[PDB]
């Protein structure tokens, strides 16, 4: 059987998309840039903090120093961290808590493979820390997704090779990172975004222990 499951956070366990949006909108209002509405915010999902800020500045052809750029990015992050104080167990995606319970009762290892600097905090707020055997520290990896580094670290941290593991992801870059690690990917989303050479489910309610076992069998 597989010996471990390697979880992304955003888009698999939960999301904090409403909070990132309110933070960028508040920042744009403060500095007087029109146009940061829900539809525009779709261009910021999956994009780095610094690329997101540049896209906002480009709405007004605005030019800033390195020091001003750093301060704006810090203000947005400060507001984002204040707002995620209200994350709770209600924010866990459908199916995820049952999957965690079933993996733990079958002695299958569980690891977080997320780029979030707030990963341990968010798991504590959702009451999930007791299910996790390890959290890969994104500060200690050399390269981000689609590089495999974070998935290799997550598997190693629970004492397995990536070839013994399943990885769960909602992004094309994450799926590529899983493939290149040697783990088996199962995506959540649609093949237009994720590829059509991997198994995909439409939402997280479909991630059950029996479905993972069927996928591993067919491989």
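The term rigid core refers to the maximal set of C-alpha atoms that superpose within 1.5 Å between the two forms. Positions refer to the first chain, counted from 1.
Peer 1: Between 85 to 93 and 70 to 78, which has its CA atoms farther from the current form in 6 other deposited structures of this protein, using a rigid core superposition?
Peer 2: Result of the core-fitted comparison in 6 other deposited structures of this protein: 70 to 78 deviates more.
Peer 1: Superpose on the core, then say which of 148 to 156 and 45 to 53 ends up with the larger RMS Cα offset from this form in 6 other deposited structures of this protein.
Peer 2: Evaluated in 6 other deposited structures of this protein, the stretch farther from the shown form is 45 to 53.
Peer 1: Given the B-factors recorded for C-alpha atoms, which segment has the greater mean, 149 to 157 or 62 to 70?
Peer 2: Stretch with the higher mean C-alpha B-factor: 62 to 70.
Peer 1: Test of understanding: from the entry's C-alpha B-factors, which stretch has the higher mean, 9 to 17 or 196 to 204?
Peer 2: Looking at the recorded C-alpha B-factors, 196 to 204 comes out higher on average.
Peer 1: Per the PDB entry, which option out of 141, 128, 99, 112 has the greatest Cα B factor?
Peer 2: When the deposited C-alpha B-factors of 141, 128, 99, 112 are compared, 141 is largest.
Peer 1: By its CA B factor, does residue 189 count among the lowest, middle or highest third of the modelled residues in the chain?
Peer 2: It belongs to the highest third of the chain when residues are ordered by C-alpha B-factor.
Peer 1: Please place residue 182 in the lowest, middle or highest third of its chain by C-alpha B factor as given in the entry.
Peer 2: Middle third by C-alpha B-factor.
Peer 1: Hey, what third does residue 83 fall into on Cα B-factor, ranked over its chain?
Peer 2: Its C-alpha B-factor belongs to the highest third of this chain's values.
Peer 1: If you rank the chain by CA B-factor, which third does residue 31 end up in: lowest, middle or highest?
Peer 2: Within its chain, residue 31 is a highest-third residue by C-alpha B-factor, going by the deposited values.
Peer 1: Place residue 175 in the lowest, middle or highest third of its chain's C-alpha B-factors, as listed in the PDB entry.
Peer 2: Answer is middle: the recorded C-alpha B-factor places it there.
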